[PDB]
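Numbered as in the authors' numbering, the sequence shown ends at 389 without a single skipped number. We put the beta carbon where it would ideally sit given N, CA and C, even for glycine. To start, the structure itself, in structure tokens.
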Amino acid sequence: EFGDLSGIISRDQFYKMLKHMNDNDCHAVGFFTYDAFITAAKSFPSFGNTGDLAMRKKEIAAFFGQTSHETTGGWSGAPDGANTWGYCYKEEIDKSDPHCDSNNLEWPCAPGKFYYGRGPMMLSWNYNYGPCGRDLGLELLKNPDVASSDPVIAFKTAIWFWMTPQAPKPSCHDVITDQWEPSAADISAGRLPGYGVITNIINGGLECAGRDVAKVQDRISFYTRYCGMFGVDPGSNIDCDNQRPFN
Ligand SMILES: [Cl-]
Ligand SMILES: [Cl-]
Ligand SMILES: [Cl-]
Ligand SMILES: [Cl-]
Ligand SMILES: [Cl-]
Ligand SMILES: [Cl-]
Ligand SMILES: [Cl-]
Ligand SMILES: [Cl-]
Ligand SMILES: [Cl-]
Ligand SMILES: [Cl-]
Ligand SMILES: [Cl-]
Ligand SMILES: [Cl-]
């Protein structure tokens, strides 16, 4: 059963965290399931299985904090608070942009396919769908919409993103599990290990260094709620308002 996370996160906890995603007011009702999450996680053994018990729970809280924001349907004064509205969407609302970078040569854009955000991490662009597909043994470049029709695949794309360094960025996994050693240049950029660097990895060019404080605070609000629920310390350097984005 190693790699099965059901011993440290229960259905009760999963659906309490995501208490509105199955509400009629959300847009992917019944799509994201606890079983789909557990199955996806088995494909990435070290996810949720690195460190002591508290570290394992912290990683789960961080992953759900970030993916909850990517998928949020929250608003100011939402029932039970905006930090209860994660997983309200399974794909990007605006589907008009193919997100094709034709200058990349390894991952050709398939005709008529769109690489807009899908899944918990809102995976985007041919240059992410390509290597993700390669790594999962799936044809995601040719069939990107499987990432929004199969919940196991949807979660796998999100965990893949979480586990995968993309130079110069380390993996989110490495940051949250105290396995990332910042370079002297990272230190000069204010990028000290914590949830803040994770926000920076995901969308720092548009949100960090004070560029979108509201979005960053939303990411923090989910994470702190989830940490409180698991009873774990969220760690230091939770914000990224004094970090420079990665280059
Ligand atoms: Cl259960
Ligand atoms: Cl419904
Ligand atoms: Cl792994
Ligand atoms: Cl295994
Ligand atoms: Cl373990
Ligand atoms: Cl938003
Ligand atoms: Cl809504
Ligand atoms: Cl609120
Ligand atoms: Cl949706
Ligand atoms: Cl498509
Ligand atoms: Cl520090
Ligand atoms: Cl937001």
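For the alpha helix (DSSP H) containing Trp304, name the first residue and the last one. Looking at the DSSP string, the run of the alpha helix (DSSP H) that includes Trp304 is 293-305.
Nearest CA to the CA of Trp249: which residue from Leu282, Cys230, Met197, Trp217? Its Cα nearest to that of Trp249, the residue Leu282 stands out among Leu282, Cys230, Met197, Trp217.
Roughly how many angstroms lie between the CA atoms of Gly207 and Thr366, to the nearest whole one? If I take the Cα positions, the gap works out to 8 Å.
Give a yes or no on contact between the segment 317-336 and the segment 354-373, applying the rule of three or more CB pairs nearer than 8 Å. No, the segment 317-336 does not touch the segment 354-373.
The segment 253-263 touching the segment 189-201, judged by at least three CB pairs closer than 8 Å: Three or more beta-carbon pairs separated by less than 8 Å are not found between the segment 253-263 and the segment 189-201, which leaves the two stretches without contact.
Given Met305 as reference, the closest of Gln385, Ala182, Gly228 once Cα atoms are compared: Minimum Cα-Cα distance from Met305 among the listed residues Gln385, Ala182, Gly228 corresponds to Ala182.
Is it buried or exposed, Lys237, if we count other Cβ atoms within 10 angstroms and call 16 or more buried? By the 10 Å Cβ count, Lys237 comes out exposed.
Based on Cα-Cα distance, which residue from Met371, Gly228, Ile380, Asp165 lies nearest to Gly336? The shortest Cα separation from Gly336 among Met371, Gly228, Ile380, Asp165 belongs to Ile380.
Take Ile235 as the anchor and find which of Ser266, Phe372, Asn164, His162 has the nearest alpha-carbon. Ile235 has its Cα closest to that of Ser266, out of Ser266, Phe372, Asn164, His162.
Can you list, in chain order, every residue whose CB sits closer than 6 Å to a heavy atom of ligand 10? For ligand 10, the selected residues are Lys255, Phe256, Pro286, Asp287.
For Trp227, which option in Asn270, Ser244, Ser185, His169 has the closest C-alpha, if you only look at C-alpha atoms? Comparing Cα positions, the closest option is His169.
According to DSSP, is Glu233 part of a helix, a strand, or is it coil? DSSP places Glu233 within a strand segment (E or B) once states are collapsed to three.
Proximity to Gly377 [Cα-Cα], best of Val339, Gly347, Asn389: The shortest C-alpha separation from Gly377 is found at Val339.
Is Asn384 near ligand 2, with its Cβ less than 8 Å from a heavy atom? Flag unset: Cβ of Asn384 not near ligand 2.
Please name the residue or residues paired with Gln308 in a DSSP beta bridge. Beta bridge pairing from DSSP links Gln308 with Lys311.
Nearest-angstrom Cα distance between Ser148 and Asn245? Rounded to whole angstroms, the gap between the alpha carbons of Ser148 and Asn245 is 42 Å.
8 Å contact criterion, which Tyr229 and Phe189 should meet: CB distance rounded: Not a contact, Cβ separation roughly 18 Å.
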